[PDB]
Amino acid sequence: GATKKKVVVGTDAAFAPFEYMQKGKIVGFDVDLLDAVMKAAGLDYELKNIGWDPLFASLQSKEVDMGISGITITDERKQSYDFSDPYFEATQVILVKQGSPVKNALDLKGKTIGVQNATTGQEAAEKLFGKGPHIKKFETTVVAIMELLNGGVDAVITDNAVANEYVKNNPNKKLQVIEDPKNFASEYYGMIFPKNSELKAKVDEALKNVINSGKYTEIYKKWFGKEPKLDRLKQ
């Protein structure tokens, strides 16, 4: 007999703790949350590591049906895509070597900044300093961090849980996180869909069900070791 077909879900699995590779498998908070959500939604699915810029290209062509990849909901992105209700709150931070004199975002003036291409961190860097060669763009956040380590850049702007977990997992790298609430906005992550997707409603209801049952907090505690503040998801 005929058919799956499965929902095709894309991701950039180079963004621990949300999605990353471990032993040939894609793991992480977004991975576990997606499984809970799609199961609650009664949707069969496949999760594919397609990379960040390809993910957006493939959503536009509808080769991929859905994405989950630590993606900030933004007004500009809503022009081209649809988002689920938010499932996480985050902010950009600055990642530097210990020893850096940087105390806030404004201290990055005249310095070289590494970011992942087409991210809200690239956006924040361009908003603060204008577009130019001092902003170095990489296809993964992993490579951005590598360019911090080897001195190719002076600082990286990326998401708080990603920077924090990198430092906590890599003490011997002697990096540090600088937070700047005055210069960086609150951000909310959403699952993402091609415009006019018939999956969004099912995913929104499933996410509600996952949060309501305590499954969201079990997953959150697995990855972060503390309770979430669920009231952040109703802002």
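Throughout, we count residues from 1 along the sequence that is shown.
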**Stretch with the higher entry mean CA B-factor, where the candidates are 25 to 33 and 168 to 176** = 168 to 176
**Request:** Pick between 82 to 90 and 122 to 130: the one whose mean CA B-factor in the entry is higher.
**Result:** 122 to 130
**Fill in**
Max C-alpha B-factor within the set 155, 71, 162, 106 falls on 106
**Prompt:** Which third, lowest, middle or highest, does the CA B-factor of residue 17 fall in along this chain?
**Reply:** middle
**Request:** Give the position of residue 52 by CA B-factor within its chain, expressed as the lowest, middle or highest third.
**Result:** middle
**Prompt:** residue 143: which third of its chain by C-alpha temperature factor?
**Reply:** middle
**Message:** Looking at the temperature factor on the CA atom of residue 67, which third of the chain's modelled residues does it land in?
**Reply:** middle
**Message:** Where does the C-alpha B-factor of residue 99 rank in its chain, lowest, middle or highest third?
**Reply:** middle
